[PDB]
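Dumped run_26.pdb below, it's PDB, C-alpha atoms:
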MODEL        1
ATOM      1  CA  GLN A 920     161.822 182.264  41.587  1.00  0.00           C
ATOM      2  CA  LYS A 921     163.400 179.313  43.397  1.00  0.00           C
ATOM      3  CA  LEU A 922     166.965 180.628  43.184  1.00  0.00           C
ATOM      4  CA  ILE A 923     165.861 184.068  44.371  1.00  0.00           C
ATOM      5  CA  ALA A 924     163.877 182.566  47.242  1.00  0.00           C
ATOM      6  CA  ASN A 925     166.847 180.427  48.294  1.00  0.00           C
ATOM      7  CA  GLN A 926     169.251 183.370  48.133  1.00  0.00           C
ATOM      8  CA  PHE A 927     166.885 185.409  50.283  1.00  0.00           C
ATOM      9  CA  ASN A 928     166.478 182.548  52.763  1.00  0.00           C
ATOM     10  CA  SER A 929     170.219 181.963  53.145  1.00  0.00           C
ATOM     11  CA  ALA A 930     170.872 185.708  53.469  1.00  0.00           C
ATOM     12  CA  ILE A 931     168.199 185.995  56.167  1.00  0.00           C
ATOM     13  CA  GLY A 932     169.721 182.960  57.871  1.00  0.00           C
ATOM     14  CA  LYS A 933     173.162 184.561  58.070  1.00  0.00           C
ATOM     15  CA  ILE A 934     171.829 187.675  59.861  1.00  0.00           C
ATOM     16  CA  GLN A 935     171.518 185.867  63.193  1.00  0.00           C
ATOM     17  CA  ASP A 936     175.196 184.900  63.065  1.00  0.00           C
ATOM     18  CA  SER A 937     176.306 188.307  61.774  1.00  0.00           C
ATOM     19  CA  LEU A 938     174.648 190.119  64.684  1.00  0.00           C
ATOM     20  CA  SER A 939     175.555 187.562  67.361  1.00  0.00           C
ATOM     21  CA  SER A 940     179.085 186.939  66.072  1.00  0.00           C
ATOM     22  CA  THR A 941     180.535 190.406  65.447  1.00  0.00           C
ATOM     23  CA  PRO A 942     180.691 191.860  69.001  1.00  0.00           C
ATOM     24  CA  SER A 943     180.403 195.563  68.165  1.00  0.00           C
ATOM     25  CA  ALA A 944     177.343 195.066  65.942  1.00  0.00           C
ATOM     26  CA  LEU A 945     174.683 196.483  68.275  1.00  0.00           C
ATOM     27  CA  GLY A 946     177.246 199.058  69.374  1.00  0.00           C
ATOM     28  CA  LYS A 947     175.033 202.059  68.610  1.00  0.00           C
ATOM     29  CA  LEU A 948     172.180 200.951  70.872  1.00  0.00           C
ATOM     30  CA  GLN A 949     174.663 199.760  73.487  1.00  0.00           C
ATOM     31  CA  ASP A 950     176.306 203.180  73.172  1.00  0.00           C
ATOM     32  CA  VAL A 951     173.010 204.876  74.017  1.00  0.00           C
ATOM     33  CA  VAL A 952     172.555 202.617  77.047  1.00  0.00           C
ATOM     34  CA  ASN A 953     176.147 203.102  78.201  1.00  0.00           C
ATOM     35  CA  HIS A 954     175.978 206.873  77.817  1.00  0.00           C
ATOM     36  CA  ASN A 955     172.923 207.075  80.059  1.00  0.00           C
ATOM     37  CA  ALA A 956     174.450 204.758  82.646  1.00  0.00           C
ATOM     38  CA  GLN A 957     177.763 206.630  82.600  1.00  0.00           C
ATOM     39  CA  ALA A 958     176.115 210.032  82.991  1.00  0.00           C
ATOM     40  CA  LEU A 959     174.061 208.881  85.973  1.00  0.00           C
ATOM     41  CA  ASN A 960     177.054 207.168  87.578  1.00  0.00           C
ATOM     42  CA  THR A 961     179.103 210.340  87.090  1.00  0.00           C
ATOM     43  CA  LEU A 962     176.328 212.350  88.731  1.00  0.00           C
ATOM     44  CA  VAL A 963     176.298 209.981  91.707  1.00  0.00           C
ATOM     45  CA  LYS A 964     180.088 210.001  91.996  1.00  0.00           C
ATOM     46  CA  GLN A 965     180.167 213.810  91.934  1.00  0.00           C
ATOM     47  CA  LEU A 966     178.453 213.808  95.341  1.00  0.00           C
ATOM     48  CA  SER A 967     181.776 212.837  96.943  1.00  0.00           C
TER      49      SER A 967
ATOM     50  CA  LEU B 533     167.479 201.011 118.750  1.00  0.00           C
ATOM     51  CA  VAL B 534     164.494 201.199 116.397  1.00  0.00           C
ATOM     52  CA  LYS B 535     164.767 199.003 113.305  1.00  0.00           C
ATOM     53  CA  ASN B 536     162.877 198.863 110.006  1.00  0.00           C
ATOM     54  CA  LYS B 537     161.252 202.287 110.525  1.00  0.00           C
ATOM     55  CA  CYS B 538     162.209 205.689 109.140  1.00  0.00           C
ATOM     56  CA  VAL B 539     163.821 207.491 112.067  1.00  0.00           C
ATOM     57  CA  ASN B 540     166.183 210.337 112.735  1.00  0.00           C
ATOM     58  CA  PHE B 541     169.351 208.692 114.013  1.00  0.00           C
ATOM     59  CA  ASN B 542     172.573 209.839 115.640  1.00  0.00           C
ATOM     60  CA  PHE B 543     175.412 207.305 115.850  1.00  0.00           C
ATOM     61  CA  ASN B 544     178.360 208.775 117.768  1.00  0.00           C
ATOM     62  CA  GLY B 545     177.602 212.121 116.137  1.00  0.00           C
ATOM     63  CA  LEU B 546     176.819 210.725 112.676  1.00  0.00           C
ATOM     64  CA  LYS B 547     173.389 212.265 112.162  1.00  0.00           C
ATOM     65  CA  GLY B 548     170.929 211.202 109.508  1.00  0.00           C
ATOM     66  CA  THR B 549     167.434 210.033 108.659  1.00  0.00           C
ATOM     67  CA  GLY B 550     166.377 206.670 107.303  1.00  0.00           C
ATOM     68  CA  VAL B 551     165.544 203.031 107.871  1.00  0.00           C
ATOM     69  CA  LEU B 552     168.036 200.944 109.846  1.00  0.00           C
ATOM     70  CA  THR B 553     168.200 197.217 109.164  1.00  0.00           C
ATOM     71  CA  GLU B 554     170.389 194.338 110.284  1.00  0.00           C
ATOM     72  CA  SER B 555     173.274 194.021 107.837  1.00  0.00           C
ATOM     73  CA  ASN B 556     175.434 191.275 106.360  1.00  0.00           C
ATOM     74  CA  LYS B 557     178.493 193.525 106.017  1.00  0.00           C
ATOM     75  CA  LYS B 558     181.745 191.922 107.153  1.00  0.00           C
ATOM     76  CA  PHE B 559     183.360 194.828 108.988  1.00  0.00           C
ATOM     77  CA  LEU B 560     186.754 194.567 110.713  1.00  0.00           C
ATOM     78  CA  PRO B 561     187.641 195.648 114.255  1.00  0.00           C
ATOM     79  CA  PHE B 562     189.163 198.928 113.060  1.00  0.00           C
ATOM     80  CA  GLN B 563     186.072 199.953 111.044  1.00  0.00           C
ATOM     81  CA  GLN B 564     183.084 201.851 112.444  1.00  0.00           C
ATOM     82  CA  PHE B 565     181.371 203.028 109.243  1.00  0.00           C
ATOM     83  CA  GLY B 566     180.807 201.769 105.723  1.00  0.00           C
ATOM     84  CA  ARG B 567     180.613 204.085 102.738  1.00  0.00           C
ATOM     85  CA  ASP B 568     179.014 204.077  99.300  1.00  0.00           C
ATOM     86  CA  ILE B 569     180.398 205.442  96.023  1.00  0.00           C
ATOM     87  CA  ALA B 570     178.997 208.881  96.909  1.00  0.00           C
ATOM     88  CA  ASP B 571     180.952 208.925 100.193  1.00  0.00           C
ATOM     89  CA  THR B 572     177.686 208.594 102.136  1.00  0.00           C
ATOM     90  CA  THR B 573     177.696 206.415 105.244  1.00  0.00           C
ATOM     91  CA  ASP B 574     175.410 203.509 104.364  1.00  0.00           C
ATOM     92  CA  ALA B 575     176.423 200.992 107.039  1.00  0.00           C
ATOM     93  CA  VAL B 576     177.246 201.635 110.697  1.00  0.00           C
ATOM     94  CA  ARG B 577     178.326 199.458 113.607  1.00  0.00           C
ATOM     95  CA  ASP B 578     176.204 200.195 116.666  1.00  0.00           C
ATOM     96  CA  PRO B 579     178.438 201.682 119.408  1.00  0.00           C
ATOM     97  CA  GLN B 580     177.023 199.496 122.202  1.00  0.00           C
TER      98      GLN B 580
ENDMDL
END

Write-out of the structure in structure tokens:
Amino acid sequence: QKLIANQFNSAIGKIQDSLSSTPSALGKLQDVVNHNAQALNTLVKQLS
Amino acid sequence: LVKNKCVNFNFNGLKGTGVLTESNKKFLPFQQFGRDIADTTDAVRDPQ
């Protein structure tokens, strides 16, 4: 029980670093955001 | 010159409709109009 609990706790502790450290970790959600922004900016720029 | 109120305006033939406000744009003596990314005049130097 104690070893399993400690392994879980250390693994959960490393998630903060893994997300914050590797830049392209949230890349799928950032991709959604960027696609919307890019499409609207393209629409605006097409008015010229 | 009416400011801060939606008006039809005509500046040296540049016709439009909107609210005119005092600007902080740093124009240069050879510039009469300022343009946005859509190629729409969004800042104008008053002729007089």

Do a neighbour search on residue 552 of chain B at 7 Å with all atoms listed in the file, toss out local chain neighbours closer than 3 positions, and write the hits as a list in words.
->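 Non-adjacent residues within range: residues 535, 536 and 537 of chain B.
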
Applied to the shown file, which residues does the PyMOL selection byres ((chain A) within 6 of (chain B)) return, written as a short mmCIF file (atom, residue, chain, number, x, y, z; two decimals) with C-alpha atoms, in the frame of the given file?
data_model
loop_
_atom_site.label_atom_id
_atom_site.label_comp_id
_atom_site.auth_asym_id
_atom_site.auth_seq_id
_atom_site.Cartn_x
_atom_site.Cartn_y
_atom_site.Cartn_z
CA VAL A 963 176.30 209.98 91.71
CA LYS A 964 180.09 210.00 92.00
CA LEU A 966 178.45 213.81 95.34
CA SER A 967 181.78 212.84 96.94
#

Separation of atom CA of residue 564 of chain B and atom CA of residue 546 of chain B, in Å?
-> 10.9 Å

Quick one: everything within 12 Å of residue 539 of chain B, counting only C-alpha atoms, minus sequence neighbours fewer than 6 positions away in the same chain. Send it as a list in words.
->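 Near residue 539 of chain B, the qualifying residues are residues 533, 547, 548, 549, 550, 551, 552 and 553 of chain B.
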
Atomic distance atom CA of residue 933 of chain A - atom CA of residue 950 of chain A, expressed in Å with one decimal =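 Result for atom CA of residue 933 of chain A versus atom CA of residue 950 of chain A: 24.2 Å, one decimal.
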
Quick one: of B:560, B:566, B:576, B:554, who's nearest to residue 541 of chain B, counting all atoms listed in the file?
-> B:576

In Å, rounded to a single decimal, give me how far atom CA of residue 577 of chain B is from atom CA of residue 543 of chain B.
->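 We find that atom CA of residue 543 of chain B and atom CA of residue 577 of chain B lie 8.7 Å from each other.
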
Proximity to residue 575 of chain B - best of B:534, B:562, B:556, B:542, only C-alpha atoms | B:556

Build an axis-aligned box that encloses every atom of segment 932-950 of chain A listed in the file, pad it by 6 Å on each side, and report its centre and edge lengths in Å to one decimal, as AutoDock Vina command-line options.
--center_x 175.2 --center_y 193.1 --center_z 65.7 --size_x 23.0 --size_y 32.2 --size_z 27.6
